[PDB]
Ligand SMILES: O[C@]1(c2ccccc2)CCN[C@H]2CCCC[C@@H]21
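The chain below stands alone and is given as structure tokens, in the form solved without this ligand.
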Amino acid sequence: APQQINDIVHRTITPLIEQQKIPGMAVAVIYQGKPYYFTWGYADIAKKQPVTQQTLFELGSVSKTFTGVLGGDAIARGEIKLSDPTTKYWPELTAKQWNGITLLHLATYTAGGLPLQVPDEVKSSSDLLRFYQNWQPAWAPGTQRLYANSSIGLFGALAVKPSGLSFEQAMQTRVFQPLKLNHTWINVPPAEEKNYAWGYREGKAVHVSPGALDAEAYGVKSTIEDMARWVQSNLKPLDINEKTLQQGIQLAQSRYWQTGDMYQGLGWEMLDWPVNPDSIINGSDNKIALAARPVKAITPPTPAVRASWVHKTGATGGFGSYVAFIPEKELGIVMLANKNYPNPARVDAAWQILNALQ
């Protein structure tokens, strides 16, 4: 690790860990295409297990970038189209409010007010059908963005239906395996449980619990090394040998909607680089990121812009993650922590690091 990288990373992350009381953290910087790794603290405070480059963290909503790319791969395979009605893949969805709601709307949170969470009362699949049938939009499709697991989660589930594969099976065979993400899991296998960090919420060790559409919206667990490889793959999609996957990655970074200075991709969110750091820092506060905001359609979508800050924040009850990269600079960062700490602290740290290296 070049001393410049070592210095900027430690000078930024050390105070962050102290200020936020983060039990364990892993960081990867991608600089001129090569990864550099940093670890601090504890994956398991009780058993005194350190964070290592093999520790698994819950990605929370960074999982949506995998769902977005898997959907993009399905488009590239010709199995689905973003301009297809939701009811083409779920014929049982007969309620008339679904007329005009497309897979694009589901993938980009623009269906008209689908809620942030699937109600915990929904367990069975007939519960899920009932929930979506009875849901009443607040807005017409394609007019307002409201960040929602019930939106992109349904997209992920529907996008794999023509393949006949389960969501987890599709993700493993079409995304994880081709990219050699061999320590990235929807369900952590017994063989890897020793590497699975505990999350910490108010001092209690916690793991994410099962829920409806959890795999599609917030269910991936990964190591810092696999996540660095995920960033490298999205920084340089053309190096990828599987044709539909290379195409799907590009599709997930296309710009479909604009609100303020942010653009909505499939999972990924993008801003023009150079960014105003106060825009992404304040913009990452959940108060703005989770608010209902009017969108302007980008007709047709802009293909992946190299001069972009591309990023996604993620959280679970016990974890906080952040990924960001700049394709034009060959530059990227991954931050994984086993405490959910405020988003603006994440983006501030990441911008301080990448700004110093560009």
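Position 1 is the first residue in the sequence shown; the rest follow in order. Shifts are known only where both forms have a C-alpha. We call the rigid core the largest set of C-alpha positions that still match within 1.5 Å between the two forms.
One more form of this protein should be noted, the form deposited with this ligand bound, which is absent from this view; the next part is about it.
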{"property": "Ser233: touches this ligand in the deposited bound form, heavy atom cutoff 4.5 angstroms", "result": "yes"}
{"property": "is_contact(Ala43, this ligand) in the deposited bound form, heavy atom dist at most 4.5 Å", "result": "no"}
{"property": "Contact of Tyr37 with this ligand in the deposited bound form (heavy atom, 4.5 Å)", "result": "yes"}
{"property": "In the deposited bound form, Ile30 touching this ligand (heavy atom, 4.5 Å)", "result": "yes"}
{"property": "Contacting member of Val175, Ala159, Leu106, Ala228, with respect to this ligand in the deposited bound form [4.5 Å, heavy atom]", "result": "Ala228"}
{"property": "Regions shifting between the shown form and the other one, defined as 3+ consecutive residues whose CA atoms all move 2 Å or more relative to the core", "result": "288 to 290"}
